[PDB]
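Which chain is which? They are A, B, C, D, E, F, G, H, I, J and K, in the order written, and residues in each are numbered from 1.
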Amino acid sequence: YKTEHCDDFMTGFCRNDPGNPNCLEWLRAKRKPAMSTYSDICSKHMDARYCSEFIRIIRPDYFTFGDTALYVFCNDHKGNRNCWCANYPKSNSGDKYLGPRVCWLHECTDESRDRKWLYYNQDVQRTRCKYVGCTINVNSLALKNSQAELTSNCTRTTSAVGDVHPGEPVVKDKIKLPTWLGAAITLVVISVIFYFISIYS
Amino acid sequence: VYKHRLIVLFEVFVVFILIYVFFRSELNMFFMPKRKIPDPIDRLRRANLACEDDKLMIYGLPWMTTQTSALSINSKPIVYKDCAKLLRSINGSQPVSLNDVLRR
Amino acid sequence: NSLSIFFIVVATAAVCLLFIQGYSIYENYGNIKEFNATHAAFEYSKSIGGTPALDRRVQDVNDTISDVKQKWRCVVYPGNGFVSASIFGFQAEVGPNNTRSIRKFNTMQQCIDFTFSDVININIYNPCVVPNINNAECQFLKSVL
Amino acid sequence: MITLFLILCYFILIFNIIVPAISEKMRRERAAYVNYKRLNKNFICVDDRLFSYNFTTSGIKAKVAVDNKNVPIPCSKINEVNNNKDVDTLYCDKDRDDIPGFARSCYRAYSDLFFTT
Amino acid sequence: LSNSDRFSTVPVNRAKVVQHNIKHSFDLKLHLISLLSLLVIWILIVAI
Amino acid sequence: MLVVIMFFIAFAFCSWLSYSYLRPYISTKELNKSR
Amino acid sequence: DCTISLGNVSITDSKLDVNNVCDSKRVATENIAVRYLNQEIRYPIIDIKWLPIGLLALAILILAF
Amino acid sequence: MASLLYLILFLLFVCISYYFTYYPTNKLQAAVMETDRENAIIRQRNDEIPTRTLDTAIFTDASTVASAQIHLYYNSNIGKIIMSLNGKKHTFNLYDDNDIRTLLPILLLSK
Amino acid sequence: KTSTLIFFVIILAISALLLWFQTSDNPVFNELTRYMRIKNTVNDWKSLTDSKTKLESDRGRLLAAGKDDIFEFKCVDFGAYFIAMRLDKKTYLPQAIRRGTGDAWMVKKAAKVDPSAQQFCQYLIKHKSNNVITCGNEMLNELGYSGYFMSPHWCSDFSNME
Amino acid sequence: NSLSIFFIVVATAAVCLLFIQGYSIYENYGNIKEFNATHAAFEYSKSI
Amino acid sequence: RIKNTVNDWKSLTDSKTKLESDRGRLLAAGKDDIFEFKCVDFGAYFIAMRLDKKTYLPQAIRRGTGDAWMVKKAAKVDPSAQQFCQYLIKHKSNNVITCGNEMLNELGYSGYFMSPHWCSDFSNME
C-alpha cells in the first residue's frame, strides 16, 4: 500500500473487516481515502480497538478525521459513559469541558482513559493540567482475609478527627434461659419416659 | 403370613402409581446428560506459539486453516530475529498450549 | 444381642434429637420468625433463570420489537417542529372530515409524552401509501429512520 | 418382624416423603400457573421465544410456539401469536436436538414462572 | 471530607460497643460441653 | 389379621387427610372453568 | 500536594492502613474502629427433611421386639 | 428367595427415599439447582484465567517486545477478556479472530 | 406379640401426625423450611454484599466530590439496553428506575443506535422515577441478589470497566 | 440388665446433646470469624 | 481469649486506679499549688490539670462530654495556646474529667494503659 492502486478495493474490503492487519496497514499509508474510510467506520464503531489504532495513527497530523468520527459517534450515543467528556450529558452544556476546560474534570484527563474519547483540542491540553490535592493510586490490591484502609486527609491542618460512628444497636437483649436447661429437660424427659416404659412392662 | 407380604406389594404398587402420575417427567429427565454450556475459550485450548524463521505464528487453531501470524498490541504481525530464543527462554524446547498456561 | 443394642441406641438418638429440636424450636420460634421476616428475599432469589428479575405485570414494547424501524421515535421536522415517526408512518390527527394530518409538536418532551404514553393513541399516516402519497414526506421518512 | 418393618418403611415413604413432595410441587406450580394466567397473555417472550403453559394433574407444562417448519416463532410476532388460536406448539418435555438452545430456553421458561414463589 | 459522615460529632464510648458485641454473640458453652463429656465418660466406663 | 385391619384404617385415614389437603391444588376443575 | 503511588500490593491474613501524612504534624494513630456487629445467631435446627428418616430410625425398634 | 426379595424391597426403598430427599421433585427445585450448577460452572471457567498479576512478554510493535505485568479478567458468560496493562483496560472478544491473535501471544508468553 | 402390634400402630399414628405437620400448611413447618433456605443464602452472600456496598459507597463519595448533577437521572447506555441511573443522595450508590417489583427498567435496543429506546428511557425519567432500586444491600434485601457478582449486570464491575 | 440399658440410653442422649452443641458451634463459625476479625486487637489489651 | 480479656478490663482498671491514687496520695505533700489548675505542656498540646481534691488522681478541664481539653500547638513555643489554656482555667473550669474510675464510667477507658495519654504521662513524669 505504498501506491494508490489498491485504494478503491480496500475502501470496501476494510468496511467489511476494519480490524484486519492489512486494512490497518493500508491506513498507515495515511492517504485521504484510508482516513476517510476509517472516519466513516469509527463514526459507528468508535468503541472498538481498531478505532483506538486509527486515532493513534491519524493524530496529530490528521486529527480532523478522528474528531469528526468522535462527534458523530457521541451525538448518536448520548448515553455512552465514554462520550461524557466530549458530549457532556447536561442538556444545555455539552461543550462544558471542551478545550482547556478538559482539565476541570479530572476523570477526563486520566492516564487510564483512552484518548480516542477526547477531541484533539482536549487532548493537547491534557498535559498542561495543574492539579493540587492528595491522590493515592494503587495499581492492584489482592487482599485475602485482610481488611484494608486507604485514607488521604489532604488538609495541612491537623483536623479534630474523632472516632468512627459505631452504628446502631439493632439487636435487643431478649430474656433468655439458662444454658443448661435444654440438656436438663432432655435428660429428665428421656429418663422419665424410660422409667414409665419399664414400669408398664 | 402372606397377607403382610401382599400389603408390602400393595404399598410398592401405590408408590409406583404416585411416581408415575406425578413425577414421570422428572424421572425421565434423570438419565439424560446435563445441558452443555458453551465455553468461549474451548476452541483456543490447543493454540501454541510456533515460530517460522523470524515470524511468530499461532498454531492449533482449527477453524483458521491457514497459519495465522501473531499480532502485537497495535495489530501488527510479529517479526523478531530472536523469536526462537525468546520462545525457548519463555517456556522451553517443548511446545506449550493455552491449556497448559491455564493449568499452571 | 448387639443388634438390639444398636437398634436401641439409634432409636434413642432419633427420639433425643426430636426432643432437642422441639426444645430449640420452642425457645427460638420467635427468633427464627423475625429472621425470616427480615430476610424474606433470601429464600428464593429472583434470578432463577440466571438473568435479572423482570416484572411481567409491567408492559414494555421494547422487549419484543427486534427491528428499529418498527419503533416510534420523535424526530425533528425542519421548520415545523417535532413529529413522531416509524416505518409505518407518522402519528396523525383527525381533520374536519376524518382526514389524517401529521400531528406536530412544539417540543421534544411533548412528542415523547404523546408517543410513549400507555394510552392507545396510534393513528397511522403513511405518506408512501396509495391513498395519501407525496414524494417530499416519503423521502423525509425514509431519510430520518 | 421384617415384613412389618417393610410395611412401616413403605408407609412412611409414601405418606411422609412422596405425598409431601406432591403437596409442595402442586402448591408451587399451581401458584405459578395462577400468576401466569393473571397476566392475561396466552404466550410470553422468554429467551427470545414464545412460551405458554398449561396445568395438568402432573403439574405445570411449558410449550413453545413454532411455525409449520417446527422453527420457533420470534417474539416480534407475539401479538399475532396471541390472537392466533391454532398455533403449532412443541412441548418442552420431549427433548428436541434439532432446535438450537432448546434446553436453555425451556429452562428459562420454567425459571421465570417463579418470580413470586 | 469524603467520609465526613463516617465520623461522630458526639464522643463514642467504644468500650460499650465492644461490650454489646460480646453480649450479643454466640456463646460457646464449654461449661455444658465439659459437664456432658465428663458424664459421657463416666457412664461409658464406670456405669457400663 | 389385626395388622391388616390397622394398616388399612391408617392408610384410609392418611389418604383422606392427603386428599382433603391436596384437592384444591390437584383438582383442575377451577382452572378449566376459568377461560 | 503530595501523591502516593503504590504498586501491586498484596496482603493476606493481615491489616493495611495507608495515611497520606506528608509530615503534616499528624500524630501516628492506630485507633481501632469498632462497630456494632448486629450479628444474627444461627440456631441448631436440623433440616426438617430429617423428620421422615428419624421416624424410620424409631421404626427399626420393631426389629428388636 | 425371601431374603433376596426383602433385600430388593429395602434397596428400592432406600433408592426412592434418596431420590426424593436429595433430588429436585418440582420445577422450582429443578430451576434452582440448575441455576446453582450453571453458576458453579461459570465461576470455575472464570477462575481458570489467572486473576493475580502475571509477567508477560508483550509486543508493543512488530519488532519490539517488553516484559510487562498484567492483570486479566475473564467473563465466560459473555466471552470477553479484559487485560489491565500499564493502567489501561483492553477488552478482547473471544469470538473475534484479530482479538484472539492479539491476546494469545500475551497469554502464552506469560509465566 | 401384642406389644409389637401396639408399637406398629403407634408408629403409624406418628406417621399420620407427621403427615398432618407436613401437608397442612403449618406455620411452624413453613417457618422452618423458610429458615433453612434463608440461612444458607445469608451465609453465602450477606458479608460479600455488605463489604462491596461499603466499598462502592466510598467510591461514589469520591466520585461525587465536586459534581452537582451526579444525583439526577441520566439514561446510561449499557450496550444492549438503556438504564435510567443516578447516584443515590444518601448512600452514594448507583440507583436506577425500577420496573415494578423487579430489577431496573432495562430498555432494550433493537440495534446499536436505537433512538426510541433513548426516548422511552427519558419518558421513564420524567414519569416513572418514583420507583428506584439501588445496587448492593437494597438489591440483596429486595431481590435476593446484589448484582455485583452477576454478569452481565449494570451493578457488576466487569460490565462497567468493559 | 435394665440399668445397663438405661445408662446406654442416657449416654446416647448426652452424646446427641454434644453433637447438637458442636453443630451449633459449626453453624456459627462465620459469626465467630467475623467477631474475631473485628475484635482481634483486644485479645491481649489491658484497655480499649 | 478476647471475651476473657474484655471481662478482665474492669478489674485491671480498678487495680491500676487504686495504685495510682496511692501514688497521688504520696506525691501530694507540702505542695498546695498541685491542687490548683495548671497549664502543662505536652510538646504538642497544653492541658489544664491538677490533682483531685477527694480521690487524689489527675483531673483536667473537660472538653464538652469527651476527654480533657487539648489545646493543640503548631510549634514548640505557642503563646496563643498557653493563653487559651489560661482562659479555660479562668472561665471554663466548672466541667472537669478525672482519670481512673470516673473516666471509665464516662468514656469507657481509665486513661491508663493508653499511650500517649495525659494520665499515664503525668503520673510517670512526676
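The rule is short, and it goes like this: a contact is a pair of C-beta atoms (placed from the backbone, for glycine too) under 8 Å apart; a residue touches a chain by one contact, two chains touch by 3 or more.
Chemist: Using the mean of all protein Cα atoms as the middle point, what chain has its own Cα mean nearest that point?
Modeler: If one averages C-alpha positions chain by chain, the most central is I.
Chemist: Once you count every C-beta pair in contact for both, which comes out on top, G-J or E-G?
Modeler: Per the contact counts, G-J leads.
Chemist: Let me have the rounded angstrom distance from the C-alpha centre of chain G over to the C-alpha centre of chain K, please.
Modeler: Spacing between the chain centres: roughly 38 Å.
Chemist: Just how far, in Å, is the C-alpha centre of chain F from the one of chain D?
Modeler: Centre-to-centre distance between chain D and chain F: 24 Å.
Chemist: Between chain E and chain K, what is the gap in Å from one C-alpha centre to the other?
Modeler: Averaging C-alpha atoms per chain gives centres 33 Å apart.
Chemist: Just curious, how far off is chain H from chain D if you go by their C-alpha centres, in Å?
Modeler: 29
Chemist: Please list all residues of chain I that touch 2 or more other chains.
Modeler: 4, 8, 11-12, 15-16, 18-19, 22-23, 25, 32, 35, 39, 42-43, 102, 113
Chemist: What parts of chain J, by residue number, touch at least two of the other chains?
Modeler: 8-10, 13-14, 17, 20-21, 24, 28, 31, 34-35, 38-39, 42, 48
Chemist: Counting only residues that touch at least 2 other chains, which ones in chain E make the list?
Modeler: 3, 11, 14-15, 17-18, 20-21, 24-26, 29, 32, 36
Chemist: Across the complex, what residues on chain I touch chain D?
Modeler: 4, 8, 11-12, 15-16, 18-19, 22-23, 25, 102
Chemist: Please name which positions on chain H make contact with chain G in the complex.
Modeler: 17, 21, 52-53, 69
Chemist: Provide the residue numbers of chain F that touch chain B in the complex, in ascending order.
Modeler: Spelled out, the residues of chain F in touch with chain B are 1, 3-4, 7.
Chemist: Touching chain H in the complex: which residues of chain C?
Modeler: 44, 47-50
Chemist: Which residues of chain H touch chain D in their complex?
Modeler: 6, 9-10, 13, 16-17, 20-21, 25-28, 30-31, 34-35
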